[PDB]
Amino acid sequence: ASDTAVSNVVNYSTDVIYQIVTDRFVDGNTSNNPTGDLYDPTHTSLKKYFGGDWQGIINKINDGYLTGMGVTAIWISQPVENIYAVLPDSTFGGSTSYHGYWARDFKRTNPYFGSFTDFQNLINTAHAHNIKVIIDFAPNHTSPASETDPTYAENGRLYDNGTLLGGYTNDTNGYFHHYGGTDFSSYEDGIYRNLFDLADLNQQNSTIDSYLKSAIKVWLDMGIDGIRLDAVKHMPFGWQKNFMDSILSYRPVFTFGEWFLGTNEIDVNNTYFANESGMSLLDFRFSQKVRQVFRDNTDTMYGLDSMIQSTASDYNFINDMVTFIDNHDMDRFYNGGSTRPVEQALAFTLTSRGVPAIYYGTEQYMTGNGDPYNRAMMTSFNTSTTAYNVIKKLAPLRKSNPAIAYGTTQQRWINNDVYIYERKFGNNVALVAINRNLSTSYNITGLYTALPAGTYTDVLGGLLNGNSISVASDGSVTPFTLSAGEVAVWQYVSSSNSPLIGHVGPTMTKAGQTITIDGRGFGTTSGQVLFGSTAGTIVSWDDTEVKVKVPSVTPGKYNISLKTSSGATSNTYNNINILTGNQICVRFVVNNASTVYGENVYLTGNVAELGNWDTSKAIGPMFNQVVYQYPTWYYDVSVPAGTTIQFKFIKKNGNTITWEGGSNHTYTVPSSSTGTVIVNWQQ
């Protein structure tokens, strides 16, 4: 099998995701439509059900709309059962669960979308057409509730395959967080507090932890090829890391979370998450910058490049970052005026690092500022749009040009309006020229490239006013004019490659598991995969793909390297996280840990999951507000189940490290349910 295989659910670098808002796409079956207040046949009441269903998607697949576009994957709304109540709205006079973000039963389907049967047809049909199916998943909450008024909505009631677990009011079981609502003041504030009025789930609760894990297996069993975790910014890192392990242990599938970042916003917690959570993230830094440059004009091409560079240093796995120019939460990219800007944003995105995602209707020039104006019904299905063709032409490149899929990014020419970058993966190359100026042409001189000597034509076929170029023996390019709004794409696909690792998934494993190595020039005869210096067991060997079983090495981060049967050594793919064992979520609590100003408390310990006594990699700074109040600190950490750990807390400020006194604390991590440890600061 090849990395481009639809069966390659662990890699998305060569794919193109098409984000669909189920209800607003296509009503393939009217018989399943809602009745009364819920439904709106007219499609004018933006907060009501329109009738979009899985059958409608199936139709768009079978009819060639999506396929003809070059889309290799689809990301649909949460398939789980939603509340049935019609919330009050002043503007739209009615607010429903049309979006599927108000869960009611994570073990059942949304009757309006279809049945498990209709879901299967979707999965199957999609697969038969070589399209991967991604689903939205929001384990952070249920629905909008009011502790005071159990008469509001459905009180955020949670069901387990029909049987009620509990509501928001009278939550004797402690399934929810009754800490009020978040104001985004702090990281901890937005975790243990309500996201708006949504009933916050207490994943620390054994029942909830188990429920959520089993709930996901239901869908994994349905044949899904990916998951989009909702509000990963509103749940504890520890629990999420532990949740990921359960998924990857059951059946690995590409997973990416939603960590909202504003304009010019950079969050260290966000970076750490993407680097340790065991899941990928939506590239908000990318998305927000692209809009600044191509849409709102609040930054230059210089800002775009710096984003490309800073991004590449922060993220350990940039090839996994899910890019995009807009979404159901943002104002539609197209905001009137010229359509050139969108196309340039699409082309840039399609040829840039990571995994591109396209919001439904982008190719239709759909407009709409703010929710729910940005969630209008599918306008038209015209395949003539310049935007529709852009995707059609560029999408496939991700499969044909490994440089576009896993290659690096390097600037070759840049001014305030012009950006000429180059994607390189060995000998394979891709050169893209963009001129944001819709009225100014530029004379390009002094340009150099890795493109072999010769004459290159535009892959876009002049679609965006692009043309051909000539590269000299010294990689120099003949001076040319970059007309206004021009977009050109030149490439060179090598005929022969050396061992080159482009991708590795998953990035979070355990000894005995199987990882998939994607790249080029591995050979047809089995070679050797090494986790540092320790060789693994080959499960399958191909020129572009290698499946290997993780060796029983010391749990920790490892660097992957390949070795063809001919002795040729590949490049290394670093920071593969090898855990100690099955993860479990344990809450650490330490009392009487008073500190000075600017001093925080951290957790260090016996295992890799605990940093292995490395104070620089200590867990924290620990929390001290919501659940527990200072001087008592706490934190949700993922640890190896059934393991006896030795730990100790420390205080860190910036230039000082105060360890806890006495002997190390000892604890045996549970095997099933979640756990909690409470200790007192040793002097």
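Numbers for residues come from their place in the sequence shown, where the first is 1.
K.L.:
Return whichever of 447 to 455 and 423 to 431 has the greater mean Cα B factor according to the PDB record.
P.N.:
For C-alpha atoms only, the mean B-factor is higher in 447 to 455.
K.L.:
Take the C-alpha B-factors listed in the entry for 432 to 440 and for 276 to 284, compute each mean, and give the stretch with the larger one.
P.N.:
It is 432 to 440.
K.L.:
According to the deposited entry, which of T263, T300, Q78, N374 has the largest Cα B-factor?
P.N.:
The record points to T263.
K.L.:
Highest recorded C-alpha temperature factor, please, choosing from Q344, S384, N582, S143.
P.N.:
Spelled out: the listed residue with the top C-alpha B-factor is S384.
K.L.:
Among the chain's modelled residues, which third holds the C-alpha B-factor of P499?
P.N.:
For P499, whose C-alpha B-factor we compare with every modelled residue in the chain, the answer is the highest third.
K.L.:
Looking at the C-alpha B-factor of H178, is it in the lowest, middle or highest third of its chain?
P.N.:
Highest third of the chain for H178's C-alpha B-factor.
K.L.:
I678: which third of its chain by C-alpha temperature factor?
P.N.:
Middle third, going by the recorded CA B-factors of the chain.
K.L.:
Going by the recorded CA B-factors, say which third of the chain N11 sits in, lowest, middle or highest.
P.N.:
As the PDB entry reports it, the C-alpha B-factor of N11 lands in the lowest third of its chain.
K.L.:
Using the temperature factors of the C-alpha atoms in this entry, rank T30 within its chain: lowest, middle or highest third.
P.N.:
It belongs to the highest third of the chain when residues are ordered by C-alpha B-factor.
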